[PDB]
Amino acid sequence: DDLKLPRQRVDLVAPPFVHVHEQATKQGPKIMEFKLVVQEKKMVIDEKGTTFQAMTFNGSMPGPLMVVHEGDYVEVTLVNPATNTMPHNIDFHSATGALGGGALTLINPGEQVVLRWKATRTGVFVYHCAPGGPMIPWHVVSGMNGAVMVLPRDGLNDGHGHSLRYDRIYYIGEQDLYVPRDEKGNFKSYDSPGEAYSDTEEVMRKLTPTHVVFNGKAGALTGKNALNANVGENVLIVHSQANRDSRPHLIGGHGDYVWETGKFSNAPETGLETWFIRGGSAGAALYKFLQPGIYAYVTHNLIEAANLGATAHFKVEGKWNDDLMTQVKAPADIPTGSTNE
Amino acid sequence: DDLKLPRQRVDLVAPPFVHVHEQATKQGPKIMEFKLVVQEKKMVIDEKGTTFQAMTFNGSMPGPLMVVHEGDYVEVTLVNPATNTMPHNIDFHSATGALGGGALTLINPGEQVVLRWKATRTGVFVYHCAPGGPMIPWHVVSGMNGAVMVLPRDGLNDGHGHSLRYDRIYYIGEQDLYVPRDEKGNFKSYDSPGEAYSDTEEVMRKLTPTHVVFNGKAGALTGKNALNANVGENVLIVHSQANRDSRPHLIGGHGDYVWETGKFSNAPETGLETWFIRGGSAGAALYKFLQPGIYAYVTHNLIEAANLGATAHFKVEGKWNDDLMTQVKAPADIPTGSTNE
Amino acid sequence: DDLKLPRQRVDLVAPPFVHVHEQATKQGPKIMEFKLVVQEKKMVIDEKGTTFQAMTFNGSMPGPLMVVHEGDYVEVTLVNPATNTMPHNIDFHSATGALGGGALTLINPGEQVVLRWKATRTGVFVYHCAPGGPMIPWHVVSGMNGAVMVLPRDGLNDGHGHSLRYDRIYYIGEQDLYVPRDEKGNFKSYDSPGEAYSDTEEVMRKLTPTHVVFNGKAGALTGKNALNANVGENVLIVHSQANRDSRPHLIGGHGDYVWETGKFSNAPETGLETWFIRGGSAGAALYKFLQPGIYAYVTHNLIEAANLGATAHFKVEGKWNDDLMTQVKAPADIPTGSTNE
Ligand SMILES: OC[C@H]1O[C@@](CO)(O[C@H]2O[C@H](CO)[C@@H](O)[C@H](O)[C@H]2O)[C@@H](O)[C@@H]1O
Ligand SMILES: OC[C@H]1O[C@@](CO)(O[C@H]2O[C@H](CO)[C@@H](O)[C@H](O)[C@H]2O)[C@@H](O)[C@@H]1O
Ligand SMILES: OC[C@H]1O[C@@](CO)(O[C@H]2O[C@H](CO)[C@@H](O)[C@H](O)[C@H]2O)[C@@H](O)[C@@H]1O
Ligand SMILES: OC[C@H]1O[C@@](CO)(O[C@H]2O[C@H](CO)[C@@H](O)[C@H](O)[C@H]2O)[C@@H](O)[C@@H]1O
Ligand SMILES: OC[C@H]1O[C@@](CO)(O[C@H]2O[C@H](CO)[C@@H](O)[C@H](O)[C@H]2O)[C@@H](O)[C@@H]1O
Ligand SMILES: OC[C@H]1O[C@@](CO)(O[C@H]2O[C@H](CO)[C@@H](O)[C@H](O)[C@H]2O)[C@@H](O)[C@@H]1O
Ligand SMILES: O=N[O-]
Ligand SMILES: O=N[O-]
Ligand SMILES: O=N[O-]
Ligand SMILES: O=N[O-]
Ligand SMILES: O=N[O-]
Ligand SMILES: O=N[O-]
Ligand SMILES: O=N[O-]
Ligand SMILES: O=N[O-]
Ligand SMILES: O=N[O-]
Ligand SMILES: O=N[O-]
Ligand SMILES: O=N[O-]
Ligand SMILES: O=N[O-]
Ligand SMILES: [Cu+2]
Ligand SMILES: [Cu+2]
Ligand SMILES: [Cu+2]
Ligand SMILES: [Cu+2]
Ligand SMILES: [Cu+2]
Ligand SMILES: [Cu+2]
């Protein structure tokens, strides 16, 4: 064993939640140990019950958020159980060399592999499967993508010498899906990913998704699964898109501090309405809630948001601030003496 | 009346022009009073006379630019005359709470509502209708979107302690439209927005506009309606797109100072060729004209610019500067002694 | 002759290579003389041998990279040989006035023209043909676009007072193509550009390319034409896209310093995973290679990368650094005592 550092095992949690971590740390570098198990399975992706043949890390779309600190080593055990049908691997955009690790991690069903990469670059980054050739886009748009956050050891800052600390963190993975339709326009079902491939590839080629979803399905983060917050809390929202651009917006809020390219060596932008996640990247926004109520978090192509699945909700508890906004007069009949031309 | 500030009524003007305002001000905060009247009407959107069932604020696409200063309060009377067929509301991306105001402003035909929001965030911002669900994209891509500018009280600056002042301002609202076609490819006409909806939604779902226009129609800002300027003038060009990305470019010019994310707390970028307006945002560019003549202002997807409607012109008066550019030799026959392989 | 500066003739080279130049210079301003010869010709654009009716500067897609310094004058002789069928011109996004030069450079087959523009703006910039109207997008998506780099006279810097110097430079021109298909889905062939136009325009209108290629064809920069580098070298990668957005990513690497909007008066961003070239612009990234092996350089819409042609390779010589990344355990059977749920 050449590398003589303490080891720490991390238990991942399903998105949009994030495993326990420290923001700032005075611990030295560690070997941070993670396990990812590939799971191919049929999943429900919309509110009408449409299914499709997904491929996942750890059973979720997105794959879980991994969080480490600058200078840590990340030792990932990737497992491809023999119930799976395809080979898989992993490419970390946070890592240096061998196609992000993909060239060192190709495993057949029944195999596992252990990759270590040094976390030399701060930010949020995509990770994704990339077996080779046309299998690269297919595995990614089938769900095989997640993100990793590499925090500075002193935690986040505003790029102007002031520390920033979040009260809460959520990870929003956005997924573009390409579900085949029959001649009548109904979504087609298949018994395996391999059977779905040819028809799926034809949809992929036209670069227009059938669905754009957060946390793996339309409505996943609405209703009973809305994201909780409180007035006053500084919330970090990490957003990834491994294949296609997105334009996040918090309806009724702002991005107080936004790293749209997602890299903490760059000062954030302030007071954004809408930001831009380039396909193949993660970004992050901090917002301090000022008002209670429901907020919609969307990609601000509103067709994608409302009609293809890409809306989440926050439910924020606290007291309303009438100075920031008030209904001066409730809806009422237009006065008879009005002229409205 | 809890809020004891002076009130000022603003008369809006149709785009691309902007109502009278001060850049820098020493007045304290005011309650700035605006009126927006929803108008559903058939409108001509291209040079072949194609019509479509539009929905507007104040009869225009885009809706008018509102201009206030940081710390002002904005009291908006939204009116939905009883000649309209649908409910409408308004979401200000500049505002904090209640989905930007949409949750406090839903009005049926025959009603009006009064919303007040504090202008706490500087920049240019979209405002748009957002009734709920699939009606959100439909009302926005039918034309119900505009912008508001919240200036710093000291006016604009270059992010490096130098004041910037514009001689002229224009507001370019870009609109993506989704007009149904019949089996022969001809655009379909309808008698009401409700009748157009189902067919329109089908076009919307494929995320490919039929038209991309400035100021509501192909050719709106060309010919006799070209934008005027003079050599030496510093012109602010505000650009909004409430649903879809755009990439503005001034052909023959530059962006001297560009806030592509549109927020004045961030230093502008300098000397851009082309900039990027993320769907769901406004941005702004300053340019000091150096040469007279015709300039085309486009989105630099040139197919959209030339073939789907997204070109404006500036006509700039003044004297040509042969140091910056000259025709050394006019077109002439290729010399006989030339080799051109 | 009013302009009394030394003249220097530059011999252009085919992309992805770049003509000999100095980074930093103490020479004063010069008149830098370039020749571009339009060539319309059928070209092979994919690995199955698909052809299409291309239009080029100097016989290549992209056109060659021109490199000058701030304050130089650029005197371009544009030649349209009489074997061509169409008029052509040139618009420099680096230039000020007359639609970038397009309004001074329209030439019929059999003619040439000489344009001079002052290089007042630093950065990488697109140049492209723009005859007028619908011919603008058609000539650009037929291949008539390249880039020019205007270096500061002191060479590049990190925006924080430190000089940056590249060991190598490559120019990656990305081209979106719109090749017609017949009723069976096979790509159609034509005998001239004029014959291809009507069918091509119909594909263009739907804003979905059939191919997205680097250096004019799928596979152009893979295999024997991979880009060479060595561990330790700082490589500048200039990327242009004259019509459509792109999201470059170096698989297994990063962008150490990235000017995504492409203009050297703005500090670069650091440590990017993926960056964004807005359609109608050039950008640039510096990366110091740290690991040997194969790197893929893609647009990170992976469908475009793997299935529509947009992948290049770097082959990097040197010694592997096991500290940055190592395969701890090669692929092996999942242990019997494992639980992987
Ligand atoms: O700022 C650019 C910088 O990236 C460098 C920093 O010295 O390195 C990055 O990658 C290296 C991998 O070891 C580390 O030096 C560094 O800690 C990390 O951001 C260079 O390659 C260069 O100057
Ligand atoms: O979208 C085309 C066409 O297909 C139908 C079924 O004929 O609906 C399908 O497509 C809809 C939009 O994606 C989905 O809402 C639904 O799950 C699916 O069956 C038609 O209703 C539609 O006109
Ligand atoms: O810079 C981030 C900053 O936004 C803050 C500023 O203190 O507030 C913004 O929203 C508030 C609404 O009252 C105002 O304080 C401020 O004037 C405006 O930009 C915080 O929520 C935070 O530090
Ligand atoms: O675009 C398809 C097809 O439709 C036709 C009419 O059959 O033209 C229509 O579409 C054109 C492009 O949008 C418009 O220029 C025109 O207003 C519209 O009728 C065909 O000419 C075209 O081939
Ligand atoms: O920084 C904005 C700046 O651009 C200016 C610089 O003074 O000019 C640019 O274009 C001019 C063309 O002569 C040059 O002054 C300058 O060297 C170049 O970047 C103004 O128009 C303005 O302040
Ligand atoms: O893409 C539709 C359909 O066309 C066919 C020929 O019928 O293949 C063509 O399109 C393919 C994808 O672009 C190309 O790979 C090939 O060069 C082209 O002939 C079908 O195979 C495909 O199903
Ligand atoms: O070593 N201190 O947390
Ligand atoms: O299945 N995804 O959260
Ligand atoms: O590993 N590819 O299916
Ligand atoms: O303002 N949100 O769509
Ligand atoms: O109060 N002065 O404008
Ligand atoms: O109708 N719009 O300017
Ligand atoms: O208010 N919706 O049609
Ligand atoms: O350079 N304008 O397309
Ligand atoms: O004039 N010196 O290179
Ligand atoms: O033909 N282009 O490199
Ligand atoms: O010059 N146009 O074909
Ligand atoms: O990580 N590259 O696709
Ligand atoms: Cu996989
Ligand atoms: Cu990747
Ligand atoms: Cu409405
Ligand atoms: Cu909005
Ligand atoms: Cu041409
Ligand atoms: Cu251009």
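Below, all heavy atoms of this structure are taken into account, side chains as well, without hydrogens, waters or symmetry copies. Within every chain, numbering begins at 1; the chains are lettered A, B, ... in the order of the sequence lines, protein sequences first and strands thereafter.
- Residues C:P331 and A:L106 share a closest heavy-atom pair of CG-O, 3.6 Å.
- Taking each heavy atom of C:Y295 and A:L99 in turn, the nearest pair found is CA-CD2, 4.0 Å.
- Atom NZ of A:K41 has more than 12 heavy atoms from other residues, nucleotides or ligands within 6.0 Å.
- Contact tally against chain C (heavy-atom pairs below 4.5 Å) for A:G100, A:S94, A:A267, A:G97: the top residue is A:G97.
- Side chain of A:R205 to main chain of C:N307: a donor-acceptor pair is present (N/O by atom type, distance under 3.5 Å, no hydrogens or angles).
- Here the two rings, on A:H93 and C:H249, have centers that are under 6.0 Å apart.
- Of the atoms belonging to A:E75, it is side-chain heavy atoms, and not backbone ones, that fall under 4.5 Å from chain C.
- Nearest heavy-atom pair across C:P209 and A:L207 is CD-CD1, 4.1 Å.
- In terms of modelled atom types and a separation under 3.5 Å, the side chain of C:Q327 and the main chain of A:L115 share no donor-acceptor contact.
- In this structure, C:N301 and A:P137 have side chains that are not in contact, with every pair of non-hydrogen atoms separated by 4.5 Å or more.
- Between A:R121 and C:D256 there is a salt bridge, since at least one side-chain N of the basic residue sits less than 4.0 Å from a carboxylate O of the acidic one.
- Not a single donor-acceptor pair under 3.5 Å links the side chain of A:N266 to the backbone N or O of C:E269.
- Highest contact tally toward chain C, considering only A:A130, A:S265, A:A103, is held by A:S265 [criterion: heavy-atom pairs under 4.5 Å].
- Side-chain atoms of C:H300 do not come within 3.5 Å of backbone N or O of A:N243 as any donor-acceptor pair.
- Of all the listed residues (C:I303, C:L324, C:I251, C:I294), the one sharing the greatest number of non-hydrogen pairs under 4.5 Å with chain A is C:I303.
- Looking at A:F264, there are no atoms closer than 4.5 Å to chain C (heavy atoms on both sides), in backbone or side chain.
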For A:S281 and C:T274, what are the C-alpha separation, side-chain angles and deciding distance, and is it a side-chain hydrogen bond (donor to acceptor under 3.5 Å, both in side chains)? CA-CA 6 Å; A:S281 76; C:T274 301; 5.6 Å; no
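- Taking 4.0 Å as the cut-off between side-chain N and carboxylate O, A:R278 and C:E273 do not count as a salt-bridged pair.
- With a 4.5 Å cut-off on non-hydrogen atoms, C:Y287 touches chain A through its side chain but not through its backbone.
- Residue A:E201 touches chain C through its side chain alone, counting heavy-atom pairs closer than 4.5 Å.
- Minimum heavy-atom separation, A:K35 to C:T339: NZ-O, 2.9 Å.
- Of all the listed residues (A:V141, A:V126, A:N58, A:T208), the one sharing the greatest number of non-hydrogen pairs under 4.5 Å with chain C is A:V126.
- For A:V38, no part lies under 4.5 angstrom from a heavy atom of chain C.
- Looking at C:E341, there are no atoms closer than 4.5 Å to chain A (heavy atoms on both sides), in backbone or side chain.
- Interface remark: A:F92 contributes no atoms to any contact with chain C (heavy atom separation under 4.5 Å).
- Among the candidates C:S338, C:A306, C:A332, the residue making the largest number of heavy-atom pairs closer than 4.5 Å to chain A is C:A332.
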